[PDB]
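What follows is a set of notes on a single structure, which appears directly below.
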Amino acid sequence: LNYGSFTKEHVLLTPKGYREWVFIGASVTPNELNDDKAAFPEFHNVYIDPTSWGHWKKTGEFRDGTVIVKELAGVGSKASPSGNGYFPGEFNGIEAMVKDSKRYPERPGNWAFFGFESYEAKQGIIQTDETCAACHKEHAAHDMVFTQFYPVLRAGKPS
Amino acid sequence: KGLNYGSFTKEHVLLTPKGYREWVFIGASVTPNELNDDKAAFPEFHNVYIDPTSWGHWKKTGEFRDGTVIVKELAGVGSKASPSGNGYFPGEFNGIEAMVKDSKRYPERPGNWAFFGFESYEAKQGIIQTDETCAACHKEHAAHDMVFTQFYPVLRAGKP
Ligand code: HEC
Ligand code: HEC
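Top line first, the protein sequences correspond to chains D and A. Per the entry's author numbering, residue 37 is the first one in the first sequence, and the count goes up by one each step. Per the entry's author numbering, residue 35 is the first one in the second sequence, and the count goes up by one each step.
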């Protein structure tokens, strides 16, 4: 079963319940290491929909209909009883990408990339290939997903 | 009824959990070695999960039921720079820690939490820990019921 609901123009409605999908990894780009203004502030927690996770464990490929959500959160502090580093604060927003060879036949890898103005928006804004796919195409380890940073995906694909 | 996540020996020791990566992620933090005298206490990234039944209960109540299992997975820092900017990015898996709340199995431990260490992903079961080794820091400093919910935005957003 596909996990992305759409409008008529194949625009992605804001995903709901993605926090109960399969988490695949977290990174952090703090503002203070990026001239006080990270591109994606700051923590990033990333999820893949459960059906696509199932298909990934079998094939090590992203099926048609894969949805991946990147959730941004703030750095809430830099020191805790466990030591120094970065610790998350409040949610900041989300980004998403959807793979569909039928609805997006001419985008790189048949991926559409979406931004969201706020948590209350009812739908995403599809982006031009220049804005997001170009960087993913140029540097992602596998099929435009930065799986070099998702150890859940790497450990979970078939041997 | 809800499912029972985690299995236990007759001495009530948690068997090494399987499938916890399909549980509910509640937040990640990072204590890099280079920021902690080249040896962090829990190196380095920590990805945290709560079992799906306790997550269902937490959504309704905001408390940790009896039978709550939380798993903290450790991973190394893989790199400090990527096309998205400077920071910290995960590498390989290092190991796990876990805590289990059960007033029937652990009537005398603080909070009725049992803290477990694991010697490897290959171990059959965990090693339960003395109160000073784990529960002490957790009871003094965690925001809620010995769980550090100040670092679990999923938990804080999901409670009623
Ligand atoms: C993370 C991201 C994800 C998660 C899946 C993945 O491929 O990692 C999504 C759905 C997304 N972004 Fe992309 N992005 C970049 C890198 C290195 C990572 C992982 C490391 C981290 O989390 O910091 C990403 C790289 C880039 C980038 C390089 C200059 C650009 C311009 C973009 N990303 C742009 C976008 C988007 C355009 C608005 C967009 C919707 C993204 N990313 C979504
Ligand atoms: C994270 C942890 C978790 C996840 C649930 C939680 O309460 O956060 C578990 C299951 C666990 N550790 Fe504990 N721990 C500490 C802090 C600040 C955090 C969250 C921020 C982060 O990820 O860095 C924890 C603090 C401490 C601490 C203070 C010095 C000590 C002594 C311990 N933790 C000890 C233990 C354990 C004994 C070996 C053990 C099995 C833990 N923690 C498990």
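Where a beta carbon is used, it is the ideal one built from N, C-alpha and C, also for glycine.
For this session: Would you mind giving the Cβ-Cβ distance between D:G101 and D:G40, rounded to the nearest angstrom? I have them listed as a contact below 8 Å.
Result: As a first step, residue 101 of chain D must be located in the first sequence, where it is residue number 65. As a first step, residue 40 of chain D must be located in the first sequence, where it is residue number 4. Right, the Cβ-Cβ distance comes to about 7 Å (below 8 Å), so this counts as a contact.
Problem set entry | Identity of the residue in D:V103, D:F98, D:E166 nearest D:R55 by Cα | Position 19 of the first sequence, counted from the first residue, corresponds to residue 55 of chain D. Closest by alpha carbon: D:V103.
Exercise. Does any heavy atom of ligand 2 sit closer than 7 Å to the C-beta of A:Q163?
Worked result: For the purposes of this step, residue 163 of chain A is identified with residue 129 of the second sequence, where counting begins at 1. A:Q163: yes, Cβ under 7 Å from ligand 2.
Exercise. If you compare alpha carbons, which of D:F76, D:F98, D:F59 is closest to D:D179?
Worked result: If you number the first sequence from 1, residue 179 of chain D lands on position 143. Out of D:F76, D:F98, D:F59, D:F98 has the C-alpha closest to the C-alpha of D:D179.
Exercise. In whole angstroms, what is the alpha-carbon distance linking D:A62 and A:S154?
Worked result: Locating residue 62 of chain D in the first sequence gives position 26, counting from the first residue. Locating residue 154 of chain A in the second sequence gives position 120, counting from the first residue. Distance between the alpha carbons of D:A62 and A:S154: 22 Å.
Exercise. Near D:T43, which residues of its chain fall below 8 Å by C-beta distance, leaving aside the five closest residues on each side in sequence?
Worked result: Position 7 of the first sequence, counted from the first residue, corresponds to residue 43 of chain D. These residues qualify, in order along the chain: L49, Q159.
Exercise. Just checking my contact of A:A74 with D:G145 at CB under 8 Å: how many whole Å lie between their CB atoms?
Worked result: Position 40 of the second sequence, counted from the first residue, corresponds to residue 74 of chain A. Position 109 of the first sequence, counted from the first residue, corresponds to residue 145 of chain D. So it is not a contact: roughly 37 Å between Cβ atoms.
Exercise. Listing by chain order, which chain A residues have their CB less than 7 Å from the CB of D:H175?
Worked result: Taking the first sequence and counting its residues from 1, one reaches residue 175 of chain D at position 139. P117, listed in chain order.
Problem set entry | Residues, ordered as in the chain, of the stretch 124–157 of chain D that lie near chain A by beta-carbon distance below 9 Å | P124, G125, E126, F127
For this session: Sort D:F185, D:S195, D:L189 by Cα distance to A:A115 and report the nearest one.
Result: Numbered from its first residue, the second sequence carries residue 115 of chain A at position 81. Among D:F185, D:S195, D:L189, the Cα nearest to that of A:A115 is on D:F185.
Problem set entry | Own chain, CB closer than 8 Å to A:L37, minus 5 neighbours either side, in chain order | Within the second sequence, the letter at position 3 stands for residue 37 of chain A. Contacts found: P86, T87.
Exercise. Count the other CB atoms within 10 Å of the CB of A:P194; is the residue buried (16 or more) or exposed (fewer)?
Worked result: By one-based count along the second sequence, residue 194 of chain A stands at place 160. With fewer than 16 Cβ atoms within 10 Å of its Cβ, A:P194 is classed as exposed.
Exercise. Taking the beta strand (DSSP E) that D:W147 falls in, what are its first and last residues?
Worked result: Within the first sequence, numbered from 1, the residue matching residue 147 of chain D stands at position 111. 147–151 is the extent of the beta strand (DSSP E) around D:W147.
Exercise. Of all the options A:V64, A:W89, A:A176, which has the alpha carbon lying nearest to the alpha carbon of A:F123?
Worked result: Position 89 of the second sequence holds residue 123 of chain A. The shortest C-alpha separation from A:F123 is found at A:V64.
Problem set entry | Members of the stretch 43–70 of chain A near chain D, C-beta cut-off 7 Å | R55, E56, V58, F59, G61, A62, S63, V64, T65, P66, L69, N70
Exercise. Which whole runs of the alpha helix (DSSP H) in the stretch 79–146 of chain D are 4 residues long or more, in chain order?
Worked result: 86–95
Exercise. Looking at D:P117 and ligand 2, is the gap between the Cβ and the nearest heavy atom below 7 Å?
Worked result: As a working mapping, residue 117 of chain D is identified with position 81 in the first sequence. Answer for D:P117: yes, Cβ within range of ligand 2.
Exercise. Nearest-angstrom Cα distance between D:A170 and D:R139?
Worked result: Along the first sequence, read from residue 1 onward, the residue named residue 170 of chain D stands at position 134. Along the first sequence, read from residue 1 onward, the residue named residue 139 of chain D stands at position 103. C-alpha separation (whole angstroms): 19 Å.
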